[PDB]
Amino acid sequence: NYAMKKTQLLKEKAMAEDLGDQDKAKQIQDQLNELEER
Amino acid sequence: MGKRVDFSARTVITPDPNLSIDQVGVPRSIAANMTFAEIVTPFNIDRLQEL
Amino acid sequence: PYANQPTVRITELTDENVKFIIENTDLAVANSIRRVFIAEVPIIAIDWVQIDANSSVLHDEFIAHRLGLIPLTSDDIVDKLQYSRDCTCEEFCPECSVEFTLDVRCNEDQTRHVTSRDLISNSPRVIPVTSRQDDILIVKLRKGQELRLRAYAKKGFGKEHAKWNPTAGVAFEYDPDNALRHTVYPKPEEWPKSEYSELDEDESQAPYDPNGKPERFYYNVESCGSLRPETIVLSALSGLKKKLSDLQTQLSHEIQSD
Amino acid sequence: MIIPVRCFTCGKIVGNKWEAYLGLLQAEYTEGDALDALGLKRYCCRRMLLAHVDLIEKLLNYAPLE
Amino acid sequence: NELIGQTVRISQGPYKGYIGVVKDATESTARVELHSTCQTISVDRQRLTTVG
Amino acid sequence: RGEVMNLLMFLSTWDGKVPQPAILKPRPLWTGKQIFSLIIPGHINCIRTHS
Amino acid sequence: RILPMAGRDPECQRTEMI
Amino acid sequence: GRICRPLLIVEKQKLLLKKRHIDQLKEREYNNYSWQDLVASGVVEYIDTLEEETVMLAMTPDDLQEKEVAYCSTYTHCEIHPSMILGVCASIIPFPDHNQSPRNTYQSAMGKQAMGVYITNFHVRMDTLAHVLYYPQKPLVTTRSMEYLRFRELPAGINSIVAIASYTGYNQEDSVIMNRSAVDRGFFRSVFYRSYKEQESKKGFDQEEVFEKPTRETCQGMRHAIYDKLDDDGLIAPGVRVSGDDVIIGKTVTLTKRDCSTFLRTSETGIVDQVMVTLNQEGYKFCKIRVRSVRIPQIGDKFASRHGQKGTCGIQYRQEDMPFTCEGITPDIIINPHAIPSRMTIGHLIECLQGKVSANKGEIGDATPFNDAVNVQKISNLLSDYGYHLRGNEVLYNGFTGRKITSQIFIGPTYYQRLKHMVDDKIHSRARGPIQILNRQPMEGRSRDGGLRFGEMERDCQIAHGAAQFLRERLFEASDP
Amino acid sequence: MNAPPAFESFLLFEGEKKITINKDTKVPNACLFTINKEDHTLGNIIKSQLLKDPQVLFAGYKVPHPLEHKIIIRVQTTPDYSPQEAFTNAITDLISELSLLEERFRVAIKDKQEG
Amino acid sequence: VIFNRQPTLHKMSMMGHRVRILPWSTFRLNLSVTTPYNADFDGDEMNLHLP
Amino acid sequence: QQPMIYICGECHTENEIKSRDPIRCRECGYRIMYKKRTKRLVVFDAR
RNA sequence: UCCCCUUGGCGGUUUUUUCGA
Ligand SMILES: [Mg+2]
Ligand SMILES: [Zn+2]
Ligand SMILES: [Zn+2]
Ligand SMILES: [Zn+2]
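We count residues from 1 along each chain, following the written sequence rather than the entry's numbering, and we skip any residue without coordinates. Chains and ligands are labelled sequentially in the order written, the chains with letters from A and the ligands with numbers from 1. In this entry, the chains presented are a subset of a larger assembly, and the associated values cover only that subset. As a convention, hydrogens and water are excluded, and side-chain values are obtained from all of the structure's heavy atoms. Residues with missing side-chain atoms are left out of burial classes, side-chain pairs and their counts.

What about a nonpolar patch on the surface?
Within the patch definition used here, like charges are joined within 9 Å and nonpolar side chains (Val, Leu, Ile, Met, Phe, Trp, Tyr) within 5 Å, considering only residues with over 30% relative accessible area and no salt bridge. For the area figures, the Shrake-Rupley method with a 1.4 Å probe applies, and any residue is considered shielded solely by the protein chains shown. Any carboxyl oxygen of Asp or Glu within 4 Å of a side-chain nitrogen of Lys or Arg constitutes a salt bridge here. A surface patch of nonpolar side chains, about 380 Å² in accessible area, is lined by F:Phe36, F:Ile39, F:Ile40 and F:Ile44. A run of H or I in DSSP counts as a helix once it spans at least four residues, and a run of E counts as a strand once it spans at least two, with each numbered from the N terminus. Relative to the helices and strands, F:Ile44 resides in the segment after α2 (32-39).

Okay, structure coming up:
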């Protein structure tokens, strides 16, 4: 619930920490839903 | 030459023209902590005993 | 030696304020009545709040206080309820207090407005002034937050706490034009004319009146909506009458003990 | 933070008008016009809404206590 | 002793309907710290009722 | 008198006797200095220059 | 440079110091 | 580390900054036209104090580009706005050029003691010594520069009906009468939070510290306190009323067991607001407990105005007793007139009037110092439009008798601040409290329940009195026999 | 912490008399009446009523201390009429004024409302 | 009680006074007695010593 | 008669942390927890 | 002609910073 930061931090961390661009897009899909989810 | 003393109090001051020039308008809590040693005597024993 | 003969003249009468003029009475009596409307006029106000559950950021005392300031529809209720300290039954009951309930929780995503409509009352006669126009904003809640509490409104008067003050604003005035010069203007041309000045615009202030007492006490008693504004005046006269009757009673005790 | 229930000086209830005032504020009304519409003429009452800061809107930004 | 730490409601006097925890108790009075206000009043034990 | 009798309520050493008013007709009026004379104790004798 | 906040660093400390 | 400020560039006796820049900038809400464009375009420049000695600086282009008799004719820069020389605390002051500067300094200092909403997450924080006002307000008279302090959104004070009259003698020598009825309504009411940090820990091999409801049958060091108030966890529950020396955390260290618990500080009397439990850096149980305290402004609490008028609540009178105007307007605060002539805080008067005009006009007034477009005559013109005395005085009717007071009182909305110096944080009394274990003299400080020092200057005063028995008593019989 | 509860401003404790009669020593036919748990609201009206008495030589009142919920009324009358009976009358007639005013405001309202 | 303000410059900085109990947490003092102690009420505090 | 229920931080969910049990939420494992409101009586005058 | 209550004043300290009259 307050884990929007956790999901955002998880998505943000994965994008720079992960060498594939797909992970950032998959997290971005979750991130768009996150506006309603929190 | 300077010590800390029991039976001493400190408080924020405010004006009060209804008090006499030789009077101090003290708060109730301070009086509730500070005490004065009064010797018992037949003249005051009734008062101090009930007190 | 004896009592002067007071008179009354209602100039404006609404359900929110009364503008009236009292004559042939003392300046002290007129100001005392003014003071009584503010301090010595009983009303019912929230003065007891049991917060069963509160997850808002606002503190129970903060919440309670705001609730305490809410005007309640008390016109007949105050005349029948017993003063809170005075009730003979243990604790509280409808005979001496008004029970309130406010159990509200935000579940929708949009913020929930904790209005005065949300103030459940054990009585339909006593509610916040929300009959007919917006509501008293009590709190704003985010999704999942709640506020559950039990409360009692007590019969009290403005001298104890402003919550029991039924008035919005009392515009009291006497000698509208400065005939008694009770106030002397350094420059009378800089001064606006009174709202009740029954005099033409040529002169700045009325000429000095030496042998003439203060009469024509002009009022604008505006209610905060809790009590009807005319009942406020009746209540101030009855309350001042009460203080003097009580004093006469205690004096009879003080004198008969001879 | 949230609208005061009563006018500090006079005692008029001002807690039941903030939402009305915000509705008026959506339009290009000057802060004085809203009070005029709400009928608050004494400056003691007017000061209440003119000076109010609705910070509770900021307080709602915080994660809720389900 | 017995009612120290009990929650009592003041059932009589000016403090009727007040809630406070007791900090002292004698045969006649107890020192009640009010749960609401930051003051501690001494009141008669027959005027006190226990909510616990 | 309605005003004077309010002022004299705040004098401790006043003997309870109203001084003859400085202006008697058309209706009794007291001068501030007249009321102030009740404040002065005993028989004081002094001369100073005002600012 | 910025590392991605990754690693057990306390464990890394404790274990290498053995 | 070079302190510098941006300035307008002046090449001719004409601005580098033309309407095209302004037209772009009024729309800055939509387009982001900014300082970068202005400097990159060479219209503005950052002058450093060392460089400011070789620049010729104008105050305003609208006046320093015309001439009557040429004074300079060689300006190099122009001040953006001279009021920007004031700082953060100094920028809330209305009419600072109408006050004696030392008073401004005192307000600047007093702006640092005013209670208010210091942060939006104040309800989250388990920080020590927090104060927030119930109803702080946006000032009715603002400098156009306090918008940047976001004081409109984070105010510290209340627009209050100040009556500059020595009323009933208690509104005297910086003390000020306050409206009891307004306080009932929460006027200047604030909530004060204190936070207690506590962690259990390994005292040693034989002893380890743990939170527990201590019990007489096993715990040593127990006192007469109500441990019943902690729940079985050994921690006080949020929403439980506490008072001085009440147990807050039942810490116990095993021996049978020693009570090492934490009790509410001396003279506190608060309510547990919230209890947070966690593990510290070391992973030991660690908890921070926050106790809230509603501080009703009482007699003696220190208030200041935005003009250097430090003053204590002298006495509080009910609305029936406060003086009232021709209408039911009573002052919220009565301040002593003798505080003004000595301090020459005319900015105060102008603030009290512009606040009056702002509340009547229904608009936030501008009190930027070097306004030149808003002066007392113009403000008076504004006030004179509302059926009010153009200079603001009013016929007050005595609250006690209702009789008009012969002097028409200057009265109006003025932004007052409540300073943190509440009297209850200072009131102190003693009779055989703890003693310093070395010199066996009463301890020092109110937290240690100490005793007042009877210093040498006080002794010398007794020497001059020749009250030798008193002097001996104080320095021996009443100190360390 | 030291705020007296507001009810102490008007509530009489056990034994406290609402009014206390005291003789004046400085002059004849003079008393000082000490009202407990009172303020200017009740005192000025009584004072003003006493000024209407032709047999009252001196009348005025004070609240010895504003922080004290107690007032002192001083009454001094003619040799043929005690300050006590003057106080009795000053209560007897002030109540009358307020009762008649109650009746006149009540009728003026009932005549104004639906009439 | 003997009443003092900390910048104790002279003999009149420690006059003795009679006590009067009052509510509201503060040491109230007479207006004329303000000058000897040079004790304004903007937030000043005074020490009370009880013999 | 408590298993010692605590309220998580970021979860806002009651978690049972018995004595000597580590304060961690059942979900997200966040280490911050707050004690639940006391069940003791809470009443204010609203003054 | 089985007993059983038995609990009564504990305490950091240095240094530095901030603040009050
Ligand atoms: Mg000072
Ligand atoms: Zn009942
Ligand atoms: Zn108002
Ligand atoms: Zn969790």
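We are not done yet, so read on.
Describing the sheet that holds strand β12 (residues 219-220) of chain H
Residues and elements named next belong to chain H. Should DSSP find at least two bridges between two strands, the strands are taken to pair. The strand order β11-β14-β15-β12 describes an open sheet built from 4 strands, whose pairing is mixed. Of all strands in the sheet, those bounded by a partner on one side alone are β11 (209-211) and β12. Across 3 bridges, β11 lies against strand β14 (residues 251-254) in antiparallel orientation. Paired with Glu209 across the bridge in β14 is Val253.

Some details on the nonpolar core
Residues grouped as a nonpolar core are buried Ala, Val, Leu, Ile, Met, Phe, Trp, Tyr and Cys residues, joined through side-chain atoms within 4.5 Å. Burial classification: accessible surface area is computed with a 1.4 Å probe over protein chains only, and a residue below 20% of its type maximum counts as buried, one above 50% as exposed, and the rest as partly exposed. Among the nonpolar cores identified, the biggest contains 119 residues, and C:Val49, C:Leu67, C:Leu149, H:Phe187, H:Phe188 and H:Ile333 are the most heavily contacted of them. Here the element with the most residues in this core is helix α3 (residues 43-51) of chain D; it accounts for 7 residues. Beyond its immediate chain neighbours, meaning those up to four positions away, C:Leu149 contacts C:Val49, C:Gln50, C:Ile51, C:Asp52, C:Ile63, C:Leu67, C:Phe100, C:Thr101 and C:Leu102. Two residues qualify as a contact provided that any one of their heavy atoms is within 4.5 Å of a heavy atom in the partner residue.

Side note on the coordination of the zinc ion (ligand 2)
The textbook angles at a metal center are 109.5 degrees for a tetrahedron of four donors and 90 or 180 degrees for an octahedron of six. Residues and elements named next belong to chain C. Listed as protein donors to the zinc ion (ligand 2) are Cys87 (SG), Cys89 (SG) and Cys93 (SG); their distances from the metal cover 2.0 to 2.7 Å. For the zinc ion (ligand 2), the single-chain donor residues occur in sequence as C-x1-C-x3-C. The two residues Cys87 and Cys89 agree in class, both being buried. Metal sites are built from N, O and S donor atoms within 2.8 Å, or 3.2 Å for Na, K and Ca, and they leave out water, so they may look incomplete.

Brief notes about the coordination of the magnesium ion (ligand 1)
All names here are of chain J. Only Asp40 (OD), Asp40 (OD), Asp42 (OD), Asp42 (OD) and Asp44 (OD) from the protein reach the magnesium ion (ligand 1) as donors, at distances of 1.9 to 2.4 Å. Its 6 donor atoms give the magnesium ion (ligand 1) angles of 56 to 161 degrees at the centre, a pattern that matches the irregular case. Counting the intervening residues between successive donors of the magnesium ion (ligand 1) yields the motif D-x1-D-x1-D. The pair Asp42 / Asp44 is uniform in exposure class, with both members buried. Tetrahedral means four donors with every angle between 85 and 135 degrees, whereas square planar (four donors) and octahedral (six donors) require angles over 155 degrees between opposite donors and between 65 and 115 for all others; sites fitting neither are termed irregular.

What to know about the interface of chain F and chain I
Opposite the 13 residues of chain F that make contact, chain I presents 14 residues. Reported buried area values correspond to the accessible surface (1.4 Å probe) lost by two parts on association, with both partners' losses combined. Taken together, both faces of the contact between chain F and chain I bury some 1,100 Å²; the carbon and sulfur share is 60%. On the chain F side of the interface with chain I, the three residues burying the most area are F:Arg1, F:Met5 and F:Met9, jointly 45% of the side's total. Across the contact surface, chain F and chain I share 0 salt bridges.

Some thoughts on the pattern of salt bridges
Pairing of side chains with opposite charge becomes possible as their charged atoms draw close. Inspection of every chain in the model, using the stated rule, returns 93 salt bridges over all chains. Measuring nitrogen to oxygen at the nearest pair gives 2.7 Å for the salt bridge that ties H:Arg292 to C:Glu61. Within this pair, whereas H:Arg292 is found in strand β18 (residues 285-295), its partner C:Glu61 is found in helix α2 (residues 60-68), the two belonging to separate chains. Between H:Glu153 and H:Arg152 there is a salt bridge, with its nearest N and O atoms 3.0 Å apart.

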